[PDB]
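Just one chain follows, in the form deposited in one PDB entry, and it is written as structure tokens.
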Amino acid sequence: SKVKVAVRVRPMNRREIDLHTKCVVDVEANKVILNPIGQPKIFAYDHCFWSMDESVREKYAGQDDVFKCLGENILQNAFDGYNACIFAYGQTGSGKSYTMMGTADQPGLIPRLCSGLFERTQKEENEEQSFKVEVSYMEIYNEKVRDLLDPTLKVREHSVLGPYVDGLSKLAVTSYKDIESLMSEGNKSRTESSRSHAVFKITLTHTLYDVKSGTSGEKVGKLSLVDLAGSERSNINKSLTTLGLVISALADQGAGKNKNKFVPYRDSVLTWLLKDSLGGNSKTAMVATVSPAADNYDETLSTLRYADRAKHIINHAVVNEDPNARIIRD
């Protein structure tokens, strides 16, 4: 399938309203219209999320709509044993962290995903099937990896299971409250700059039992939830710069231009780690966050064009299940 792309326009904030900064971003169904400060530029996406204002009610509905449209499907992907990824991309201040983690009063994608995961595993556990959940949480800053769950580490690409951070804590968790204290520990530990990338990973291992045979098999879904550094324009930006190159090359592939243009996955820590998320074995969505007002026109236009190329990336997601699991279905 193609990478799924959504644009989320955050509302005009207090400064932009106080100072009468012109709003240049309109949302029209699944299209974004960027008006000039000559002609309007129109971009089409899979979803567009918009907010009328920052009233408490519009905040509640905004986080809810994002989860309903993007989180439920990614959660279902993991219960089907797919690898899946949501990454948030856009300039500083545009709403990346608000979309992924949210706030205490307006929780975002990650807490909602974690809550729904344990509610479903608990509802669905029985004597024919059990679930194991593990989490990891890490940050890339200045091309170095740090374990946010540990009070440094290097990337390796496994021959079958893909790129991974070797030495990274991968913790078994049995309830939402367990994962919540880890999220809270990680979020406090995050370095506080717009130049760091944070990767939250959940591995869902579904074991199926054939009590007549005495056999069992595992189907494994993996969720990568990525809150990127701000897209606004050496070793400190290398990951972001290389992500742009990777997305542009892959978009060119997924249209016919350059069958084997060089996709520089290994030129940065971030793109090597997300190598399967982009063009590989993954159900992947991008959430491109943009600011609404005239003062960010060019950065918005850049984010919109990058999101527009991402939707041409072709992925190849297959179910990750061992031999027994496949047959135990029927």
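Between two forms, the rigid core is the largest collection of C-alphas that superpose within 1.5 Å. Sequential numbering from 1, following the sequence displayed.
The discussion below concerns the form deposited in another entry, not included here.
With the rigid core aligned between the shown form and the other one, only one of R305, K59, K31, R266 has a CA shift of 2 Å or more: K59.
The Cα shift for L161 between the shown form and the other one, taken after rigid core superposition, is 2 angstroms or larger. Core-superposed comparison between the shown form and the other one: the Cα of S213 travels 2 Å or more. With the core held fixed, the Cα of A6 is displaced between the shown form and the other one by less than 2 Å. Relative to this form, in the other form the C-alpha atoms of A61 and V7 approach one another by 3 angstroms or more. Whereas the displayed form keeps them at a certain spacing, the CA atoms of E58 and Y45 lie at least 3 angstroms closer in the other form.
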